[PDB]
Amino acid sequence: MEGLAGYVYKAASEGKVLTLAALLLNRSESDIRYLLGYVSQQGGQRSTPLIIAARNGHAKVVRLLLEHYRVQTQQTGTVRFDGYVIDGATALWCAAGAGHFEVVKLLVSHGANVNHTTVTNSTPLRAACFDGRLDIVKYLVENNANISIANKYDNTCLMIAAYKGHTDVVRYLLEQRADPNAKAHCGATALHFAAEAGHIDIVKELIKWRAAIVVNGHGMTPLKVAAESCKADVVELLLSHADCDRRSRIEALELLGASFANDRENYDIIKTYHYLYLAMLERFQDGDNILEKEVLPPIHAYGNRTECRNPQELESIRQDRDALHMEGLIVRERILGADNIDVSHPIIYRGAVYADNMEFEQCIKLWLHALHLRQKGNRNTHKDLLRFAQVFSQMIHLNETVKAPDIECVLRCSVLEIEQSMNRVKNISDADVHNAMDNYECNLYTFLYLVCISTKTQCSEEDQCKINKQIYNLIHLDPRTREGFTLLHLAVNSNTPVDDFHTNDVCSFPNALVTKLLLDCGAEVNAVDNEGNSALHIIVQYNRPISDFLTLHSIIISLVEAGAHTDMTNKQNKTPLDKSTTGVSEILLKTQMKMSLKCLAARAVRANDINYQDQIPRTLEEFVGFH
Amino acid sequence: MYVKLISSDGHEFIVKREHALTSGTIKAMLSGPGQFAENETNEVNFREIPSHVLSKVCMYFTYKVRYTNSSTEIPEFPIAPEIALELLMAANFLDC
Amino acid sequence: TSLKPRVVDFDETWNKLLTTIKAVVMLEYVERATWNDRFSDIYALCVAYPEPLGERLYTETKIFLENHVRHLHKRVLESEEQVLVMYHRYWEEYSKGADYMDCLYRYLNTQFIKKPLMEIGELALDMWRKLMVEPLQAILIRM
Amino acid sequence: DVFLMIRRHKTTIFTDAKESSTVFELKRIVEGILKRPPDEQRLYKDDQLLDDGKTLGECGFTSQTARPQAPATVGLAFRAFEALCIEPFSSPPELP
Amino acid sequence: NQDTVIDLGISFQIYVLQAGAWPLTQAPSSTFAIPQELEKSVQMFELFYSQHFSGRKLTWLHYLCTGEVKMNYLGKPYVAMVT
């Protein structure tokens, strides 16, 4: 019984004895076995009563359950509530994750499940290492359980213990002949995965056990990973390795100084200059076997600087903060390459800092470079286009001019990213289709914000032609949201969300300029959504007919002049006159209605339910369909 | 000034030229060869549509000319259920 | 006898339509009853059941226009003595014929072409340009 | 603004006039657009004769009775006056 | 561009202007009847304005307007411009 399952779940949640004794007896065997072998669903998540017994620290109730009955620990359930919520885990997995040793030892003592594998084949050793309790790990090792169980993406327990403050677990692993040179999905040999955490003692233990140095899947040595994370202690420890050599030592110091220039938590420009000076002094210290810089050509995003090939220019730019920031960005881009995951985030942070000081042009350049790098890396830039729309709206709200080629570039980037978003939505069946659809809707909304901003910016004829070309290219894909909303419907609908940042001051929907531009660019004006509402069906449903009547009048005329039917019906068979729900909108529509005999005849056919299949031309069956 | 519309079943209908030019197909029929510039007949021979649908489209022509743009008092067109699905194809042919 | 989508033979109706549009393009006298009957034939061929012969009609009209323009091209090319007089007469005839044919093909233009392809009058003008004055560009310009 | 659907055997004429007017100009305009002698016009409303000087508003139709959407029939049998032989419109097919 | 040639018989040069912007006021009722010679021109502009600018009513000022006069009963001497 589901009610009895909830009752025994609540009884095990309180850790009592008599309640569970009364709620699991005086019955047959099959129902009791079903009750002890089923999960209860609370808060949208399914868990065993044993799971809620071990999670709340009630090990006495599960001990008496194991003594009185033969309940198994092989029940399938979720992993945790910390943003993972994937099923397939066993009861012993969450028992190890609960941080209670006694429940783990009693589950092992009767029907051990130490070698359990979920859909990600993550053993309870993973949860024990994540919790960080050394006793549970020691018991699991002593229970003849394999510690070399790598995941499908090769998440060894040593790496997941090294990512947090669990140096005792990593130690107890490594003096039991753990993996010295095991890679991962990204090629992280636990040192790329440990230096990001920055735990110096874990790196000490790995160096003492000779974990060695090798580049990961992104071509980054663990020293460079430590330098990227603005953590000097692990940088020093990895430097003291007697095989790093002068070239890697110098570039690691230079990368550390670069990272210190643009970072949220660790921002020290004096440390940036000092580490750059240390890197340069070690370069120019002999005059023989010198290590000259592989200076990249100047990039317009970072001004026009050409690195610092002499200590004199570095000393000259010592007190100039923006030059130091751009120099750090340039040398970070050079060291980490143009195809790295983490190379774009400091550029975004520097752009945000520049925008806070109302230096919008350099912010636009930096964020355009970050967008180009992320699109070359083929990553989700749905948040970056929202940032572009926000900073463009703030320029309009501050009455600052906006460069039209920048709008063209960001619009082309948005069109492309919507194309790969459609490709990702089509390719992904049910892996992250909800996140993909959220990204798709957000990208469509950001494209609308950028279009609305472009309508409010004075642009040249060529720039306007390029903007219209990008809009035309996106329209010819016919993008649709979850509820069939085309790009014209959202620009018409008043329910289209607007971001809480500066986009509220500019991007207000419905907007007549956006609708007119879309119709000029060739939007399907007769296109309907999943519910069947056309573009005209949503504008009449506007609840503010007089507050922005100038907008409402200028958009009803545009839709009808484009060729929208003023008599077509949705799936509920409702004329926009009937769905007008407003005297003003009904008056405007009736003024703009162009009466025809075909519409009247089709309305009479649909009203009388006349059998019109195979009695009319096929080009007119659709005409009866929406009329 | 007045044009003539002949149905398939012998029936002849005469309506004003401006009233009958509101449909694109009749405008195309009047244009081109065979205008027959007597300024009084301009007779077009509809070999397909019956007489009742032609009467109804002539009534529609007069109705639309009268109510091309007026106040909210626009009376509904009295379409019988039997004449529908044959006036729909007629309006498709006439592009009304 | 009615505006119903029916199984209609393409050969006979297309032969009648071809004769009528040849008379129209050449600006010869054509009976207006036959002209209205060709509107009826155009409607029947445009929404014929179960084969909507709109693509076939468009291709056949394009082929006929190409043949007519090529014939006029050959005539005006062999009449080099008064190529401009012949081109003026044939351009008047073909412009009037193209306008009258776009009038005749109104249903095809409004129900199959636009709702991409090109309109029948537009197609006639394009064929005239591409096979009547494009080969005769040099001679016409220089004379 | 009265609207009349004048009938004569198969021929049908749609005409616009005023409520308070004589049928003299009506006979003259149908004479002009029919090309017939002006002595054969004998208008019939519901198969009965009417005065040639009485206003057509009092003849049996008005604005509320005769409309552009549904005009009132007026027989126009001509003297060879001939008997009223107004051919009815073809009946629509029996819908399922 | 009308289907029939509209016999205006008039030269028409209206100055259409906004309502809430201009300080012109018709607070008195000022009952006036448009004469028949220009009755056709005023009706055609109502059809034109409502077709190209939907949702706009046009109240006509009868005191800030003028024009030539056709005095057929006067023998047409000395064509004058009056309100």
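Reference entry: report on the structure contained in this document.

Rules of the game
- Residue numbers count from 1 along every chain, following the sequence as written rather than necessarily the entry numbering; any residue without coordinates is not displayed.
- Numbering of ligands from 1 and lettering of chains from A proceed in the order in which they are written.
- Every figure given here refers to the displayed chains, which form just one part of a larger assembly.
- Excluding hydrogens and water, the side-chain values take into account all heavy atoms of the structure.
- Where helices and strands are cited, they refer to DSSP runs of H or I of at least four residues and of E of at least two residues respectively, numbered from the N terminus.
- To sort residues, take the accessible area from a 1.4 Å probe on protein chains only and compare it with the maximum for the residue type: under 20% means buried, over 50% means exposed, and anything in between is partly exposed.
- Using a 1.4 Å probe, accessible areas were evaluated by the Shrake-Rupley method; residue-level cover was limited to the displayed protein chains.
- By the counting rule applied here, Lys and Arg register as positive and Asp and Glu as negative, while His and the ends of each chain are not counted.
- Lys charges are placed at NZ, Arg charges at CZ, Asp charges at CG and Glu charges at CD.
- By definition here, a helix of n residues has an expected span of 1.5 Å times n minus one.
- The contact criterion used throughout is that any non-hydrogen atoms of two residues lie within 4.5 Å.
- For this document, the term salt bridge refers to a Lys or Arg side-chain nitrogen within 4 Å of an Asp or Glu carboxyl oxygen.
- Throughout this description, a polar contact denotes any pair of N or O atoms lying within 3.5 Å of each other; where both atoms belong to protein, one of them has to be capable of donating a hydrogen while the other can accept it, and for residues adjacent in sequence the pair is counted only when both atoms sit in side chains.
- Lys, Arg, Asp and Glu make up the charged group, whereas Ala, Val, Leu, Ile, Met, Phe, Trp, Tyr, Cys and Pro make up the nonpolar group; the residues left over, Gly among them, are polar.
- At least two bridges found by DSSP between two strands are what make those strands a pair.
- Orientation is described by axes fitted as lines to C-alpha atoms, over the contacting stretch for helices, and by angles from 0 to 180 degrees between their N-to-C directions.
- Roughly parallel refers to an angle under 35 degrees, roughly antiparallel to one over 145, roughly perpendicular to one between 65 and 115, and oblique to any angle outside these ranges.
- In this scheme the handedness of a crossing depends on how the near helix is turned from the far one: anticlockwise by less than a right angle means left-handed, clockwise means right-handed.
- Among buried residues, those of type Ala, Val, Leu, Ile, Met, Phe, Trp, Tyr and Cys that are joined through side-chain atoms within 4.5 Å constitute a nonpolar core.

**Digging into the overall build of chain C**
- For chain C, the helix and strand inventory stands at 7 helices and 0 strands.
- Starting at the N terminus and ending at the C terminus, chain C contains elements arranged as α-α-α-α-α-α-α.
- Classification of the 143 residues of chain C by burial places 46% in the buried group.
- Looking at chain C as shown, the accessible area adds up to about 7,600 Å², and 54% of this sits on carbon and sulfur atoms.
- Across chain C, the mean location of the 19 positive side-chain charges is 3 Å away from that of the 22 negative side-chain charges.

**What about helix α20 (residues 345-356) of chain A?**
Residue and element names in this part refer to chain A.
- Along its 12 residues, α20 runs 17 Å from first to last C-alpha, staying within 8% of the 16 Å computed at 1.5 Å per residue.
- Those residues of α20 lying buried are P346, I347, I348, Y349, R350, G351, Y354 and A355.
- Buried positions along α20 lie against α16 (245-261), α19 (321-336), α21 (360-376) and α22 (382-397).
- Where α20 ends, the next residue or the one after it, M358, has phi of about 60°, a positive value.

**With respect to the interface of chain B and chain D**
- Counting residues at the interface gives 26 residues for chain B, matched by 27 residues for chain D.
- Between chain B and chain D we count 1 salt bridge in total.
- As a salt-bridge pair, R66(B) and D1(D) come within 3.4 Å of each other at their nearest N and O atoms.
- For the interface between chain B and chain D, the tally reads 9 residue pairs in polar contact.
- When contributions to the side of chain B that touches chain D are tallied by element, the ones reaching two or more residues are β2 (12-16) and α3 (51-66) of chain B.
- Its residues assigned to classes, the side of chain B that touches chain D comprises 12 nonpolar, 6 polar and 8 charged.
- Sheet topology places β2(B) next to strand β2 (residues 11-17) of chain D; 3 bridges connect them, and they run parallel.

**Considering unusual backbone geometry**
- Of note, the amide linkage connecting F509(A) to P510(A) takes the cis form, showing an omega dihedral of 5°.
- Of note, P510(A) is situated in the loop between α26 (487-492) and α27 (512-520).
- Each neighbour pair has its own omega, and for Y49(C) with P50(C) the value is 0°, a cis peptide bond.
- As for its placement among the helices and strands, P50(C) is situated in the loop between α2 (32-46) and α3 (55-78).

**Observations concerning the packing of α22(A) against helix α24 (residues 433-455) of chain A**
Residue and element names in this part refer to chain A.
- It is at 9 Å that the axes of α22 and α24 come closest, and there the two elements cross at 25°. With respect to each other, α22 and α24 are oriented roughly parallel. Crossing hand, α22 versus α24: left-handed. Each of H382, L385, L386, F388, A389, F392 and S393 in α22 lies in contact with α24, whose residues at this interface are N439, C442, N443, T446, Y449, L450 and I453.

**Focus on the pairing of strand β1 (residues 2-8) of chain D**
All names here are of chain D.
- In terms of residue burial, β1 counts as a mostly covered element, since 7 of its 7 residues are buried.
- Burial along β1 is two-sided: the residues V2, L4, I6 and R8 and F3, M5 and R7 are all buried.
- Connecting β1 to the next strand, β2, in antiparallel fashion are 2 residues, including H9 with a positive phi near 55°.
- Strand direction decides the pairing type here: β1 and strand β4 (residues 72-77), joined by 4 bridges, are parallel. If you follow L4 over to β4, its bridge partner there is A72.

**Observations concerning the sheet that holds β1(D)**
- Pairing within the open sheet is mixed, and its 7 strands lie in the order β3(B)-β1(B)-β2(B)-β2(D)-β1(D)-β4(D)-β3(D). Sheet topology places β3 (44-45) of chain B together with β3 (42-44) of chain D at the edges, where each strand pairs with a single neighbour.
- Those strands touched by α3(B) are β1 (2-6) and β2 of chain B together with β1 and β2 of chain D, and its axis lies near 10° from that of β2(B).

**Some details on the nonpolar core**
- Core analysis: the largest hydrophobic core is formed by 96 residues, its most contacted members being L5(B), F46(B), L57(C) and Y105(C).
- Take this core: its biggest share by element is 8 residues, from α3(B).
- Setting aside residues no more than four positions away along its own chain, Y105(C) makes contact with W14(C), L17(C), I21(C), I42(C), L57(C), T61(C) and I120(C).
- Listed in part, the 93 residues of the second largest apolar core include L106(A), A190(A), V225(A) and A279(A).

**Regarding the side chain of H19(B)**
Residue and element names in this part refer to chain B.
- With respect to the element layout, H19 can be found in helix α1 (residues 17-20).
- For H19, a relative accessible area of 9% puts it in the buried group.
- Contact partners of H19, with chain neighbours within four places excluded, come to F61, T62 and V65.

**Some details on the pattern of salt bridges**
Residue and element names in this part refer to chain A.
- What the rule picks out here adds up to 43 salt bridges over all chains.
- Between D384 and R374 there is a salt bridge; the shortest N-O distance is 3.8 Å. Taken as a pair, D384 in helix α22 and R374 in helix α21 lie far apart in primary sequence, 10 residues in all. Here the two residues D384 and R374 agree in accessibility, since each one is buried.

**Things to note about the side chain of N511(A)**
- In this structure, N511(A) sits in the loop between α26 and α27.
- A distance of 3.3 Å separates a polar side-chain atom of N511(A) from the backbone nitrogen of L513(A).

**Some remarks on helix α4 (residues 87-94) of chain B**
- A large share of α4(B) lies buried, amounting to 8 of its 8 residues.
- Taken together, the buried positions of α4(B) are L87(B), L88(B), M89(B), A90(B), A91(B), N92(B), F93(B) and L94(B).
- Close packing links the buried residues of α4(B) with α31 (597-608) and α32 (618-626) of chain A, α2 (24-30) and α3 of chain B together with α2 and α5 (106-113) of chain C.
- Of the residues trailing α4(B), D95(B) is marked for its positive phi of about 55°.

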